[PDB]
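Report on the structure
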Amino acid sequence: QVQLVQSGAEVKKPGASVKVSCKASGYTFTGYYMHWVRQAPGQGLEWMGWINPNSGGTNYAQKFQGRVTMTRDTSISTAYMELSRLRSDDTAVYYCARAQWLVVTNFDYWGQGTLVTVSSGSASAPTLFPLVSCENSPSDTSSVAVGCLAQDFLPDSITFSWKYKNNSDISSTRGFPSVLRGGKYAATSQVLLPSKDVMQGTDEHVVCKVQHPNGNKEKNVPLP
Amino acid sequence: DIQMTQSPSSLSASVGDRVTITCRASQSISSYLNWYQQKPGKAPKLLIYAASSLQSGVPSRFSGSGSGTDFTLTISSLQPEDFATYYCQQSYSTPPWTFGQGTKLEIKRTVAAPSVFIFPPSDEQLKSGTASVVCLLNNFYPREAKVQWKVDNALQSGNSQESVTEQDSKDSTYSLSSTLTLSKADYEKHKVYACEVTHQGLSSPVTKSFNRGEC
Ligand SMILES: *[C@@H]1O[C@H](CO[C@@H]2O[C@@H](C)[C@@H](O)[C@@H](O)[C@@H]2O)[C@@H](O[C@@H]2O[C@H](CO)[C@@H](O)[C@H](O)[C@H]2NC(C)=O)[C@H](O)[C@H]1NC(C)=O
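Residues numbered from 1 in each chain as written, not as in the entry; some residues may be left out. Chains lettered and ligands numbered in written order. Heavy atoms only, no water.

Let's shift gears to the site of the ligand. Residue and element names in this part refer to chain A. Taken together, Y164, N166, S168, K196, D197, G201, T202 and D203 make up the full set of residues near the ligand. Here an oxygen atom of the ligand and a side-chain polar atom of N166 are 2.4 Å apart. Contact with the protein chains hides 49% of the accessible area of the ligand, taken as 750 Å² for the molecule alone. (Near = heavy atom within 4 Å. Polar contact = N/O pair within 3.5 Å; in protein donor to acceptor, adjacent residues only side chain to side chain. Areas by Shrake-Rupley, 256 points an atom, 1.4 Å probe, with all protein chains shown as cover.)

Shown next as structure tokens:
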């Protein structure tokens, strides 16, 4: 049950600073080094530095020497990384990673990531609008497609979840990349419901939920 | 600083093939190489440590080989869920810890035809002053597809945004979401709205349409 849970996504203007967190659980925080690695959009992985959660010692990479600061709070078993004087080149997903062994050090447990978007825009929670299909020749034996449209959200760190009207979860989450337009993003989710279920069922809707770091939102999608 | 270089940078294989990704070092790093797997939208995961040691819980089809300069990750029988970018990492000359550029694995499969769905703007969104018409293509392969929007048999250009997914982890197919954007006004000025999908699994282009407010 080793786990590393990081802070949420953030939007920061050029010149600003960001501090990301990494709460560790399932081991002795002070007995294992904690590294930070980042991944720009579409590019590979870049080591940033490490911290000894026990001594407070740090070693950063030259690229970031003088602009990064890695801290820890051993009472909440949390680790921190603060990058200052932010530039566009720093828009990326920042991961924390535990290290093991002293010879062949290997990052055996990684975090979830924390997207940092360096832009001129402002943050916004999404607005959800339902999508019901209207065909010129609906076929009973065909599956029924319903959808959800999220609009005007920044940063692009949205998670579409779906649930039946009986509360249970829908494991048919079809997820599409977001699309940027007007400084804010828009995304689409789709669920295909079997005909066996919408025929034999009297549920009238399905609930589309979205999780965004600036506000979680929900909407009911009619079931044709 | 030791530079790790992966070969190929993108690899295509079908399910059940042997996959061999190579990682070379600028200078000897003995057995101090680790192999990680990153699935789209997720964090890296340790597959192999110390060149040849499998991390508990990793499938046994993954295997590490190598010493010195040339190292190799091998997947005995590729499976649809092995879609990912694989990265090698050296822990010999630290700092800096250095990674390879990444090898993207693309799963090759038989042709699969898209399923097309048109979705008209919602009444709520229409009250916002905007009108988004969606067209969804579902589970197709190969990735190459064409979505052409037609309002009153008028080919629409400059108003549609598309978004393709990454290969599914079970059937290795793609899905796509095109969206036309008109102002509530402009949307209330025309009648028929359609998308025509072109894909080599369709023996001819497939159009799906709806009539404004006849929904
Ligand atoms: C919650 O509902 C699901 C699905 O129910 C059907 O589909 C819905 C969209 C709606 O139309 C309902 O009125 C329908 O009845 C249930 O999952 C089904 O369970 C049965 C028995 O376990 C199984 O035969 C079906 O194949 C299941 N279908 C799916 C898609 O999972 C689920 O059991 C319900 N949960 C509760 C607690 O009631």
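Moving on, we get to the side chain of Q125(B). With respect to the element layout, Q125(B) can be found in helix α1 (residues 123-127). You can call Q125(B) buried: its relative accessible area is 0%. If sequence neighbours within four positions are ignored, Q125(B) has contacts with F129(A), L149(A), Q151(A), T130(B), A131(B) and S132(B). (Helix = DSSP H or I, 4+ residues; strand = E, 2+ residues; numbered from the N terminus. Buried < 20%, exposed > 50% of the residue type's maximum accessible area, 1.4 Å probe, protein only. Contact = heavy atoms within 4.5 Å.)

Our next topic: the domain arrangement of chain B. Residue and element names in this part refer to chain B. Looking at chain B, the domain boundaries give domain 1 (4-108) and domain 2 (115-211). Between domain 1 and domain 2, the C-alpha centre-to-centre distance is 38 Å. Between domain 1 and domain 2, the residue contacts involve seven residues of the former and eight residues of the latter. For the pair domain 1 and domain 2, the summed buried area comes to about 590 Å², and 49% of that belongs to carbon and sulfur atoms. It is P80, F83 and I107 in domain 1 that bury the most area against domain 2; as a group they hold 66% of the surface buried on that side. At the boundary of domain 1 with domain 2, the tally comes to zero salt bridges. (Domains from an automatic or database assignment. Buried area = accessible area lost by both parts, 1.4 Å probe. Salt bridge = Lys/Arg side-chain N within 4 Å of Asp/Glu carboxyl O.)

So, about the nonpolar core. In this structure, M34(A), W36(A), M70(A), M81(A), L83(A), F107(A) and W110(A) are the most contacted members of the largest nonpolar core, which totals 44 residues. Looking at which element gives the most residues to this core, the answer is strand β9 (residues 92-100) of chain A, with six residues. Judged by nonpolar contacts, the second largest core, of 25 residues, contains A13(B), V19(B), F83(B) and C88(B). (Core = buried A, V, L, I, M, F, W, Y, C linked by side-chain atoms within 4.5 Å.)

Taken together, the 46 residues of chain B in the interface contact 45 residues of chain A. Where chain B abuts chain A, roughly 3700 Å² becomes buried across the two surfaces, and 62% of that area is made up of carbon and sulfur atoms. On the chain B side of the interface with chain A, the three residues burying the most area are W97(B), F99(B) and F119(B), jointly 17% of the side's total. For the pair chain B and chain A, the number of links is one salt bridge. A salt bridge links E124(B) to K219(A); its shortest N-O distance comes to 3.2 Å. Our count for the contact surface shared by chain B and chain A stands at 14 residue pairs in polar contact. Tallying contributions element by element places strand β13 (residues 130-140) of chain B first for the side of chain B that touches chain A, with five residues.

Moving on: the environment of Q211(A). Residues and elements named next belong to chain A. Among the structural elements, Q211 can be located in strand β18 (residues 205-211). Apart from residues no more than four positions distant in its own chain, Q211 is found in contact with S157, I158, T159, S161 and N216. Polar side-chain contacts of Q211 include one of 3.1 Å to the side chain of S161.

The subject of this paragraph is the domain arrangement of chain A. All names here are of chain A. Assigned domains of chain A: these are domain 1 (3-118) and domain 2 (127-222). Of note, the centres of domain 1 and domain 2, computed from C-alpha atoms alone, are 34 Å apart. Taken together, the contacts link five residues of domain 1 with five residues of domain 2. Across the domain 1 to domain 2 interface the summed buried area is about 340 Å²; carbon plus sulfur atoms make up 81%. Among the residues domain 1 hides against domain 2, the three largest losses belong to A9, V11 and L115. Together they make up 83% of the total. Joining domain 1 to domain 2, the criterion identifies zero salt bridges. Run the count over domain 1 and domain 2 and you get zero residue pairs in polar contact. Residue assignment for the side of domain 1 that touches domain 2 shows that the elements contributing at least two residues are β2 (10-12) and β11 (115-118). Of the residues belonging to the side of domain 1 that touches domain 2, the class tally is three nonpolar, one polar and one charged. (Nonpolar A, V, L, I, M, F, W, Y, C, P; charged D, E, K, R; others polar.)

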